[PDB]
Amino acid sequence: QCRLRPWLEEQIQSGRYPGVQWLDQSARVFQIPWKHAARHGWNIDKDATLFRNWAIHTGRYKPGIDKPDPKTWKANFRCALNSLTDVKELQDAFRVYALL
């Protein structure tokens, strides 16, 4: 309910993170936007929200008290996601995963 997989599965379905969405509802496949922060269009508030929320959710980021750290948010999220043994990255700017 508050672990990465149920939390992510929930974030996906919310449809509030633009770009985060299902590609197959029944094999449990979804994509996460993965824009490079060094890119021209990139901006903290539209490309790092999902990563940021994961930090808020796990207490790693407290808004107002901490200085933003999207690099860390991105890397923390990617290592927590990769640590899950019941999620797979389909190595086919996005990343595509399957909930097993």
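Sequential numbering from 1, following the sequence displayed.
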query	finding
Interresidue gap class [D92, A93; deposited sequence, unmodelled]	4 to 9
35 to 43 set against 55 to 63, stretch whose average Cα temperature factor tops the other in the entry	35 to 43
Between the two ranges 77 to 85 and 14 to 22, the one averaging a larger CA B factor in the entry	14 to 22
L100, C-alpha B-factor rank within chain (lowest, middle or highest third)	highest
